[PDB]
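Since the structure comes first, as structure tokens, the remarks are kept for the end.
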Amino acid sequence: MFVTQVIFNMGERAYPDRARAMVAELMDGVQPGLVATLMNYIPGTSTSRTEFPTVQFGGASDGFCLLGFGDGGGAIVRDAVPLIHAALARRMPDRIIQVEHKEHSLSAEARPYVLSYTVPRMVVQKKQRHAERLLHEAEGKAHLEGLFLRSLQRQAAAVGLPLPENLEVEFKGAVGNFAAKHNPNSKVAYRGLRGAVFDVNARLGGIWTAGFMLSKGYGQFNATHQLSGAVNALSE
Amino acid sequence: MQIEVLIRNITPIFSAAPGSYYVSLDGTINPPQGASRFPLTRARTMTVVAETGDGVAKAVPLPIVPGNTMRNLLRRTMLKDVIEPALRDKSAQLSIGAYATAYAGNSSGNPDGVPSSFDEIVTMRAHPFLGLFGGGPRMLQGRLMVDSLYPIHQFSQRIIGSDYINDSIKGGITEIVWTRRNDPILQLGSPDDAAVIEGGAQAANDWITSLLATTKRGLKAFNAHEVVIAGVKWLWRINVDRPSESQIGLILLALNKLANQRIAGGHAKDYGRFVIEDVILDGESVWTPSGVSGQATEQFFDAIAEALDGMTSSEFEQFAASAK
Amino acid sequence: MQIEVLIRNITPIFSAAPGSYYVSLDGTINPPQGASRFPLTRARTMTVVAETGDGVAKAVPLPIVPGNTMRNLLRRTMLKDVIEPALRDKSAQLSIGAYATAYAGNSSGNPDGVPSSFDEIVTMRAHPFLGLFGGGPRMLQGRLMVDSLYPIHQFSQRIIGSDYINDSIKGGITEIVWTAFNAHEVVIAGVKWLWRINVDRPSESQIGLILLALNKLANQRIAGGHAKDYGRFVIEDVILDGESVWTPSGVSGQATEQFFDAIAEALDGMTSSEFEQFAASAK
């Protein structure tokens, strides 16, 4: 029902993957339970869970942000943020780290017409053949709409939010593509989409997640702020 | 002897009504639960009966300044601006009990409970100051009646009368003022600013962690308070029970020097500033652009001057003395 | 002492008011549901009694900058430009309590609620800075009255008084800017403002500190709006106790040099111990 978003103001835009790597690195050894809980690890092992992650990372314009889902997510972010703040203060002795703590109510109500919803970061590259299928809407709609529907239903079930039984979505398109890597020296990269616009006949309150593999910082979007239509101020 | 003072305030008047009333956004009094809620400080109001061009009498709230506040304002203005310089010229020192009694009507919370000798009663009542207010350990009835600052309004016609109907205001005269409280944490962006702070950025981050961990109070507070809007005209009514010339002159001097004092509340925000527009003495206007002056008022000023240049602290120390 | 400061804005002053309001494309507040309303935050508007020559006292909402904002701006300017550099020059060091107390009055959300000894009161209300603002953990009354920023308008003629009537503007003094498009009404720039400051029986040092802040006041902006350049202002005239002491270089002359000397002496003689004592919790 409640989503907690915490932003650490480091002063520079850090990509979410390196952010998660470094926050893992800072908490090595001290308070192992916090590390296991924050990294989405099975108790007793360091492996991650295939299930939807309750721990969330995102790329803030001024830094990186922690997102908790549900009471468990809220509780973990609440007892976690002082520790990561202390670690960041320890590592960066000559910079002030600022913490912004804001909560979003999560609500999804139906609506007999559609609204323009978009995201900056979709994980859509599965096969190279499907990548060229985006020229025709009909061929590429099936897997994209299926991905959106499954992502929405699984995140709703994870957060326990009621959703209508009659959601239909049609895709519009994206702005461009981008490449992302595990490490700067890694030779493995994936393709995402920026401005992937799709129309849904329902309202989405608060911040929302779509796609899969979200903990590394993909598929987060504030649907509520997008409805304000502040995307007009994009020019040079 | 009735005194009516036409007061126009050039800054909002803020007399806080006791109690934690809560407001939402867009100024809804006592909002339905669930919406955002913030503590609102309501301005002091008195319910009065008035007919709003309907003919039926009904009780409606009216934002006023309580009469006790105006009485204390008159007392303080008189003391600071008239009596205290007179005592300082003669280098006469008031005892601590005398000072407390003159400034709050009593030197302690325990009244004496016994009456006064007649000579002492008349001596204290004939005094230019103590006669007006009275008080003391043994209770004394002052000569001064101070009424509340009633705003001239369609709700005040049944109270003040139709004499000042030309200055009435139809709509409401209260507004909500919103205030914040910002932490220093937001305005730190560089350690160069924090060169004045102990421990530097490390200590600052430690303090912010303490704030997020165990403080909850904290230095962040969004709140609001209701103020009476500026420019509304007020009527102040003062009555005296058979005064001497010196007491009337003292009251007139206090009215002359009253404009230098605020009415109530909002010292930080310059609230309570006013200008005395018209002073009426027994149905006759004695006010002048300079102030309270004229041939009809010369005798009062002469009498109060003759009382001031020859007064001492003996009366005050006798008045404050307790018989227990 | 009564201090009147004249302020005009090169850029629009945007003091957003609380509450969520909606406007339409043609620009009407709170359109009917049938129209496409757009989000709109409004400027800080205070209703004031005024007349337009008819003699009818009609309350009119007037866009003003709150006196709290002016107080905070003056305090920040005073510290950052005078008190803070002076503290650095002597290598003075303040505790976090001293810093938070200086910037916001209280160091904690729970006031002491206990009276202070008169020695502390007399020592602190004579301080060049803390005496003006005050209000530590033990509630102390500062000597500074900071009025709001009233534009010189027809609707404000009942407030300023029998002065500055000639340079008064009749028309509306707020306009809406569109940035779907983020709309937020603003006061048209170039309008004069009246800034009234009264100080209760001040010392020469406090007056000098106020004058120095006014000299360096123009550096900062007004009512936030750091983005898209909102808040620029220049002071055109400063009236001290009825007489103007403002020059294009700044407040100076044969009238206000004594205040500058007194504040120089106070700054050379002030230390961090007073701030530490003021921020110290009595409990």
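Residues are referred to by chain and number: the chain letter is A, B, ... according to the order shown in the structure tokens, the number counts from 1 in that chain, and ligands are numbered separately from 1 in the order shown.
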
Using only C-alpha atoms, find each residue in chain A having at least one atom no more than 8 Å away from chain B; report its shortest atom-to-atom pair and that distance in Å (one decimal), rows by chain then rising number, as CSV.
residue,atom,partner,partner_atom,distance
A:82,CA,B:209,CA,5.9
A:85,CA,B:209,CA,7.5
A:86,CA,B:206,CA,7.4
A:89,CA,B:202,CA,6.3
A:90,CA,B:202,CA,7.6
A:93,CA,B:202,CA,6.4
A:94,CA,B:201,CA,6.4
A:95,CA,B:201,CA,6.5
A:96,CA,B:201,CA,5.7
A:97,CA,B:205,CA,7.1
A:98,CA,B:185,CA,7.6

Item to complete: Please provide as a ChimeraX atom specification all residues within 8 Å of residue C:222, with the sequence filter that same-chain residues fewer than 4 positions apart are discarded (counting only C-alpha atoms).
Response: /C:13-14,73,230-233

Practice prompt. Write out as a VMD selection string all residues of stretch 43-204 of chain C that DSSP puts in alpha helix (DSSP H) for this structure's backbone.
Written response: chain C and resid 67 to 78 84 to 89 96 to 104 118 to 125 130 to 133 157 to 160 204

Put those residues in a file: N, CA and C atoms, as a compact mmCIF listing (two decimals), in the first residue's frame.
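Saved to result20.txt:
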# COMPACT_ATOMS: atom_id res chain seq x y z
N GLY C 67 6.45 38.25 5.72
CA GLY C 67 7.48 38.79 6.60
C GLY C 67 8.40 37.73 7.16
N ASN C 68 7.92 36.50 7.30
CA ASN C 68 8.79 35.41 7.72
C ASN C 68 9.89 35.16 6.70
N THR C 69 9.54 35.18 5.41
CA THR C 69 10.55 34.99 4.37
C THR C 69 11.58 36.10 4.40
N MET C 70 11.13 37.35 4.56
CA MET C 70 12.07 38.46 4.64
C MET C 70 12.97 38.34 5.86
N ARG C 71 12.40 37.91 6.99
CA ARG C 71 13.19 37.72 8.20
C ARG C 71 14.27 36.67 7.97
N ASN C 72 13.90 35.53 7.39
CA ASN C 72 14.87 34.47 7.15
C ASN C 72 15.94 34.92 6.17
N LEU C 73 15.54 35.64 5.11
CA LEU C 73 16.51 36.13 4.15
C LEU C 73 17.49 37.10 4.80
N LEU C 74 16.98 38.02 5.61
CA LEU C 74 17.85 38.97 6.28
C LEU C 74 18.81 38.27 7.22
N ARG C 75 18.32 37.27 7.96
CA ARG C 75 19.18 36.52 8.87
C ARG C 75 20.27 35.78 8.11
N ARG C 76 19.91 35.12 7.02
CA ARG C 76 20.89 34.38 6.23
C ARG C 76 21.93 35.32 5.64
N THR C 77 21.50 36.46 5.11
CA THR C 77 22.44 37.44 4.58
C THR C 77 23.38 37.93 5.67
N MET C 78 22.81 38.32 6.82
CA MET C 78 23.62 38.80 7.94
C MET C 78 24.70 37.80 8.30
N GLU C 84 29.34 35.24 9.60
CA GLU C 84 30.10 34.05 9.22
C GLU C 84 31.52 34.38 8.74
N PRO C 85 31.74 35.35 7.85
CA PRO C 85 33.13 35.70 7.50
C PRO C 85 33.93 36.20 8.69
N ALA C 86 33.30 36.96 9.59
CA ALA C 86 34.01 37.43 10.78
C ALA C 86 34.42 36.26 11.67
N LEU C 87 33.54 35.27 11.82
CA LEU C 87 33.88 34.09 12.60
C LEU C 87 35.02 33.32 11.96
N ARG C 88 35.01 33.21 10.63
CA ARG C 88 36.11 32.52 9.96
C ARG C 88 37.43 33.27 10.15
N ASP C 89 37.39 34.60 10.08
CA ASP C 89 38.61 35.39 10.14
C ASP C 89 39.35 35.19 11.46
N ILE C 96 27.22 22.35 16.39
CA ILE C 96 26.04 22.17 15.55
C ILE C 96 24.83 22.83 16.19
N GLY C 97 24.76 22.80 17.52
CA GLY C 97 23.71 23.53 18.20
C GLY C 97 23.77 25.01 17.91
N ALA C 98 24.97 25.59 17.97
CA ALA C 98 25.11 27.01 17.69
C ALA C 98 24.68 27.33 16.27
N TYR C 99 25.10 26.51 15.31
CA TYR C 99 24.74 26.73 13.91
C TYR C 99 23.24 26.66 13.70
N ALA C 100 22.61 25.58 14.16
CA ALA C 100 21.17 25.41 13.95
C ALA C 100 20.39 26.49 14.69
N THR C 101 20.83 26.84 15.90
CA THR C 101 20.17 27.89 16.66
C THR C 101 20.27 29.23 15.95
N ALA C 102 21.44 29.54 15.40
CA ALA C 102 21.61 30.80 14.69
C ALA C 102 20.75 30.85 13.43
N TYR C 103 20.67 29.74 12.70
CA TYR C 103 19.93 29.77 11.44
C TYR C 103 18.42 29.65 11.62
N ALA C 104 17.94 29.04 12.70
CA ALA C 104 16.51 28.81 12.83
C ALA C 104 15.96 29.08 14.23
N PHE C 118 18.06 36.75 34.30
CA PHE C 118 18.08 38.08 33.70
C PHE C 118 19.47 38.46 33.21
N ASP C 119 20.53 37.91 33.81
CA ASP C 119 21.87 38.19 33.31
C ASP C 119 22.03 37.69 31.88
N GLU C 120 21.56 36.48 31.60
CA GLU C 120 21.62 35.96 30.24
C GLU C 120 20.79 36.81 29.29
N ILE C 121 19.61 37.25 29.73
CA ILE C 121 18.74 38.04 28.87
C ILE C 121 19.41 39.37 28.52
N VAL C 122 19.96 40.05 29.52
CA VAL C 122 20.58 41.35 29.27
C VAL C 122 21.85 41.19 28.44
N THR C 123 22.59 40.10 28.64
CA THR C 123 23.79 39.88 27.85
C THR C 123 23.46 39.53 26.41
N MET C 124 22.33 38.87 26.18
CA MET C 124 22.05 38.33 24.86
C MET C 124 21.23 39.29 24.00
N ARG C 125 20.31 40.04 24.60
CA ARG C 125 19.55 41.02 23.83
C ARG C 125 20.40 42.21 23.42
N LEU C 130 22.31 37.96 17.72
CA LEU C 130 21.33 37.15 18.44
C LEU C 130 20.32 38.01 19.19
N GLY C 131 20.70 39.24 19.54
CA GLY C 131 19.75 40.14 20.16
C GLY C 131 18.62 40.54 19.24
N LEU C 132 18.90 40.67 17.94
CA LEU C 132 17.86 41.07 17.00
C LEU C 132 16.84 39.97 16.80
N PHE C 133 17.30 38.74 16.58
CA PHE C 133 16.39 37.63 16.29
C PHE C 133 16.00 36.87 17.55
N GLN C 157 -2.77 51.34 -0.55
CA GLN C 157 -2.65 52.72 -0.12
C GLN C 157 -3.13 52.91 1.32
N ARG C 158 -4.01 52.03 1.79
CA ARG C 158 -4.45 52.08 3.18
C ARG C 158 -3.39 51.55 4.15
N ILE C 159 -2.30 50.99 3.64
CA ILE C 159 -1.27 50.36 4.46
C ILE C 159 -0.01 51.23 4.53
N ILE C 160 0.54 51.62 3.38
CA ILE C 160 1.73 52.46 3.38
C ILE C 160 1.44 53.80 4.05
N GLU C 204 23.86 50.71 18.73
CA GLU C 204 24.48 51.13 17.48
C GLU C 204 25.01 49.94 16.70

Item to complete: Taking only C-alpha atoms into account, report as an NGL selection string which residues of chain B lie within 7 Å of chain C.
Response: :B and (10 or 25-26 or 169 or 184 or 196-198 or 217-219 or 229-232 or 267-270)

Atoms kept (N, CA, C and O atoms) for selection, written as a PDB file, in the first residue's frame:
ATOM      1  N   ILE B  10      -2.483  49.195  10.394  1.00  0.00           N
ATOM      2  CA  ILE B  10      -1.794  49.108   9.111  1.00  0.00           C
ATOM      3  C   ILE B  10      -1.079  47.780   8.924  1.00  0.00           C
ATOM      4  O   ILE B  10      -0.579  47.508   7.822  1.00  0.00           O
ATOM      5  N   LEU B  25      -5.071  21.955   3.720  1.00  0.00           N
ATOM      6  CA  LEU B  25      -4.751  22.946   2.710  1.00  0.00           C
ATOM      7  C   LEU B  25      -6.015  23.707   2.314  1.00  0.00           C
ATOM      8  O   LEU B  25      -7.127  23.386   2.744  1.00  0.00           O
ATOM      9  N   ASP B  26      -5.821  24.751   1.506  1.00  0.00           N
ATOM     10  CA  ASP B  26      -6.898  25.612   1.002  1.00  0.00           C
ATOM     11  C   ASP B  26      -7.842  26.077   2.113  1.00  0.00           C
ATOM     12  O   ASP B  26      -9.004  26.405   1.865  1.00  0.00           O
ATOM     13  N   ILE B 169     -17.480  46.971   7.330  1.00  0.00           N
ATOM     14  CA  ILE B 169     -16.959  46.044   6.333  1.00  0.00           C
ATOM     15  C   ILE B 169     -17.889  44.842   6.280  1.00  0.00           C
ATOM     16  O   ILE B 169     -18.284  44.311   7.325  1.00  0.00           O
ATOM     17  N   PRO B 184      19.006  23.435   8.857  1.00  0.00           N
ATOM     18  CA  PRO B 184      20.256  23.838   8.200  1.00  0.00           C
ATOM     19  C   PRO B 184      20.821  22.781   7.268  1.00  0.00           C
ATOM     20  O   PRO B 184      21.731  23.095   6.491  1.00  0.00           O
ATOM     21  N   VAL B 196      32.830  26.625   9.745  1.00  0.00           N
ATOM     22  CA  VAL B 196      32.581  27.180  11.070  1.00  0.00           C
ATOM     23  C   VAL B 196      32.059  26.127  12.039  1.00  0.00           C
ATOM     24  O   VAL B 196      31.924  26.408  13.241  1.00  0.00           O
ATOM     25  N   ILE B 197      31.800  24.910  11.572  1.00  0.00           N
ATOM     26  CA  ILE B 197      31.136  23.896  12.381  1.00  0.00           C
ATOM     27  C   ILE B 197      32.179  22.926  12.924  1.00  0.00           C
ATOM     28  O   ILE B 197      33.173  22.619  12.254  1.00  0.00           O
ATOM     29  N   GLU B 198      31.969  22.472  14.156  1.00  0.00           N
ATOM     30  CA  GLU B 198      32.857  21.483  14.753  1.00  0.00           C
ATOM     31  C   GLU B 198      32.744  20.155  14.019  1.00  0.00           C
ATOM     32  O   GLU B 198      31.660  19.761  13.581  1.00  0.00           O
ATOM     33  N   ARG B 217      12.365  16.639  18.865  1.00  0.00           N
ATOM     34  CA  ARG B 217      11.371  16.389  17.828  1.00  0.00           C
ATOM     35  C   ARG B 217      11.931  16.644  16.434  1.00  0.00           C
ATOM     36  O   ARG B 217      11.708  15.859  15.513  1.00  0.00           O
ATOM     37  N   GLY B 218      12.666  17.741  16.285  1.00  0.00           N
ATOM     38  CA  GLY B 218      13.228  18.096  14.998  1.00  0.00           C
ATOM     39  C   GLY B 218      12.936  19.532  14.627  1.00  0.00           C
ATOM     40  O   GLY B 218      12.023  20.147  15.185  1.00  0.00           O
ATOM     41  N   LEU B 219      13.695  20.080  13.685  1.00  0.00           N
ATOM     42  CA  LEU B 219      13.590  21.485  13.306  1.00  0.00           C
ATOM     43  C   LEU B 219      12.898  21.658  11.958  1.00  0.00           C
ATOM     44  O   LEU B 219      13.268  22.517  11.159  1.00  0.00           O
ATOM     45  N   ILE B 229      -7.126  40.771   8.937  1.00  0.00           N
ATOM     46  CA  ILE B 229      -6.489  41.447   7.815  1.00  0.00           C
ATOM     47  C   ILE B 229      -6.234  42.916   8.143  1.00  0.00           C
ATOM     48  O   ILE B 229      -6.872  43.512   9.018  1.00  0.00           O
ATOM     49  N   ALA B 230      -5.276  43.496   7.431  1.00  0.00           N
ATOM     50  CA  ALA B 230      -4.852  44.860   7.695  1.00  0.00           C
ATOM     51  C   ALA B 230      -5.790  45.861   7.036  1.00  0.00           C
ATOM     52  O   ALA B 230      -6.424  45.578   6.016  1.00  0.00           O
ATOM     53  N   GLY B 231      -5.870  47.049   7.634  1.00  0.00           N
ATOM     54  CA  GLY B 231      -6.684  48.122   7.113  1.00  0.00           C
ATOM     55  C   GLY B 231      -8.087  48.198   7.673  1.00  0.00           C
ATOM     56  O   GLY B 231      -8.758  49.218   7.475  1.00  0.00           O
ATOM     57  N   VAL B 232      -8.553  47.160   8.365  1.00  0.00           N
ATOM     58  CA  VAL B 232      -9.883  47.195   8.956  1.00  0.00           C
ATOM     59  C   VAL B 232      -9.892  48.178  10.117  1.00  0.00           C
ATOM     60  O   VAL B 232      -8.918  48.288  10.873  1.00  0.00           O
ATOM     61  N   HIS B 267       5.228  39.738  17.309  1.00  0.00           N
ATOM     62  CA  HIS B 267       6.364  40.646  17.428  1.00  0.00           C
ATOM     63  C   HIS B 267       7.387  40.385  16.335  1.00  0.00           C
ATOM     64  O   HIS B 267       7.953  41.322  15.763  1.00  0.00           O
ATOM     65  N   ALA B 268       7.639  39.113  16.029  1.00  0.00           N
ATOM     66  CA  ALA B 268       8.616  38.781  15.001  1.00  0.00           C
ATOM     67  C   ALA B 268       8.163  39.228  13.620  1.00  0.00           C
ATOM     68  O   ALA B 268       9.000  39.559  12.773  1.00  0.00           O
ATOM     69  N   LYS B 269       6.857  39.242  13.369  1.00  0.00           N
ATOM     70  CA  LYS B 269       6.318  39.570  12.058  1.00  0.00           C
ATOM     71  C   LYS B 269       5.761  40.985  11.986  1.00  0.00           C
ATOM     72  O   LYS B 269       5.028  41.301  11.044  1.00  0.00           O
ATOM     73  N   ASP B 270       6.084  41.833  12.963  1.00  0.00           N
ATOM     74  CA  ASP B 270       5.634  43.226  13.001  1.00  0.00           C
ATOM     75  C   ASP B 270       4.115  43.332  13.041  1.00  0.00           C
ATOM     76  O   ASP B 270       3.538  44.327  12.599  1.00  0.00           O
TER      77      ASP B 270
END

Item to complete: Would you kindly report the residues of chain C within 8 Å of chain A, using only C-alpha atoms, as a PyMOL selection string?
Response: chain C and resi 39+179-182

Serialized selection, C-alpha atoms, as a PDB file, in the first residue's frame:
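result_9.pdb, written as the output of this step:
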ATOM      1  CA  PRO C  39      -2.249  22.636 -12.384  1.00  0.00           C
ATOM      2  CA  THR C 179       6.583  26.185 -18.601  1.00  0.00           C
ATOM      3  CA  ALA C 180       0.873  20.119 -19.498  1.00  0.00           C
ATOM      4  CA  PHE C 181       2.894  23.335 -19.426  1.00  0.00           C
ATOM      5  CA  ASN C 182       3.860  23.965 -15.803  1.00  0.00           C
TER       6      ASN C 182
END

Item to complete: Determine, counting only C-alpha atoms, which protein, DNA and RNA residues have an atom within 12 Å of an atom of residue B:89; residues of the same chain fewer than 3 positions away are not included. Present the result as an MDAnalysis selection string.
Response: chainID B and resid 82:86 92:93 308:312

Can you write out the residues you just picked, keeping C-alpha atoms, as a tab-separated table (two decimals), in the first residue's frame?
chain	number	residue	atom	x	y	z
B	82	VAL	CA	4.88	58.74	30.92
B	83	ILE	CA	5.32	57.59	34.51
B	84	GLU	CA	8.70	55.85	34.27
B	85	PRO	CA	10.50	58.88	32.76
B	86	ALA	CA	8.93	60.99	35.51
B	92	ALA	CA	13.46	57.52	42.48
B	93	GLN	CA	13.77	53.74	42.59
B	308	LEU	CA	3.86	64.03	37.35
B	309	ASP	CA	6.48	66.59	38.35
B	310	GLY	CA	5.66	66.01	42.02
B	311	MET	CA	5.08	62.27	42.36
B	312	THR	CA	7.35	59.83	44.19

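Residues in contact with stretch 95-109 of chain B at up to 7 Å, not including ones fewer than 4 positions away on its chain and judged by only C-alpha atoms, are residues 134, 135, 136, 137, 316, 317 and 320 of chain B.
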
Okay, now the selection with C-alpha atoms, as a compact mmCIF listing (two decimals), in the first residue's frame?
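As written to disk, selection-v5.txt reads:
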# COMPACT_ATOMS: atom_id res chain seq x y z
CA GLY B 134 -5.87 49.28 41.28
CA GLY B 135 -5.10 45.74 42.38
CA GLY B 136 -2.35 45.17 44.91
CA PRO B 137 -2.31 42.49 47.61
CA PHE B 316 3.83 52.72 44.90
CA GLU B 317 5.71 51.12 47.79
CA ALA B 320 2.48 47.12 47.05

Worksheet item: Within 8 Å of stretch 157-161 of chain B, counting only C-alpha atoms, which residues qualify if same-chain residues fewer than 5 places away don't, as a list in words?
Response: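 So the residues in contact are residues 49, 50, 51, 150, 152 and 235 of chain B.
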
Worksheet entry | Close residues, residue B:299 itself excluded, 9 Å, only C-alpha atoms, min 4 positions apart in chain, as a ChimeraX atom specification | /B:245-246,249,295,303-304

Next, the residues of the selection above should be written as a JSON list (two decimals), in the first residue's frame with N, CA and C atoms.
[["chain", "number", "residue", "atom", "x", "y", "z"],
["B", 245, "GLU", "N", -8.91, 65.38, 37.19],
["B", 245, "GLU", "CA", -8.30, 65.94, 35.98],
["B", 245, "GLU", "C", -6.99, 65.24, 35.65],
["B", 246, "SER", "N", -6.20, 64.92, 36.68],
["B", 246, "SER", "CA", -4.89, 64.31, 36.45],
["B", 246, "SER", "C", -5.02, 62.96, 35.77],
["B", 249, "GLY", "N", -5.88, 63.45, 32.13],
["B", 249, "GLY", "CA", -4.69, 63.87, 31.41],
["B", 249, "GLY", "C", -3.72, 62.73, 31.18],
["B", 295, "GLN", "N", -7.87, 73.38, 23.00],
["B", 295, "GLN", "CA", -8.20, 74.18, 24.18],
["B", 295, "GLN", "C", -9.06, 73.39, 25.15],
["B", 303, "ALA", "N", -2.96, 69.52, 34.51],
["B", 303, "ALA", "CA", -3.13, 68.77, 35.75],
["B", 303, "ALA", "C", -2.22, 67.55, 35.80],
["B", 304, "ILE", "N", -2.12, 66.81, 34.69],
["B", 304, "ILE", "CA", -1.28, 65.62, 34.71],
["B", 304, "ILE", "C", 0.19, 66.00, 34.80]]

Discussion item. Show me, as a list in words, the residues that have an atom within 7 Å of stretch 65-78 of chain A when counting only C-alpha atoms, minus same-chain residues fewer than 5 positions from it.
Written reply: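 So the residues in contact are residues 1, 2, 3, 4, 5, 6, 7, 8, 54, 55, 56, 57, 58, 59, 60 and 159 of chain A.
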
Worksheet item: With only C-alpha atoms as the basis for distance, which of B:281, B:56, B:130, B:177 is at the shortest distance from residue C:64?
Response: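 Smallest distance to residue C:64 is found for B:177.
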
Worksheet entry | Nearest to residue C:194, chosen from C:42, C:153, C:37, C:90, with only C-alpha atoms counted in the distances |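 Answer, going by the shortest atom-to-atom distance: C:153.
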
Item to complete: Check the smallest atom-to-atom distance from each of B:237, B:324, B:127, B:225 to residue B:175 using only C-alpha atoms, then report the winner.
Response: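 For residue B:175, the nearest of the given residues is B:225.
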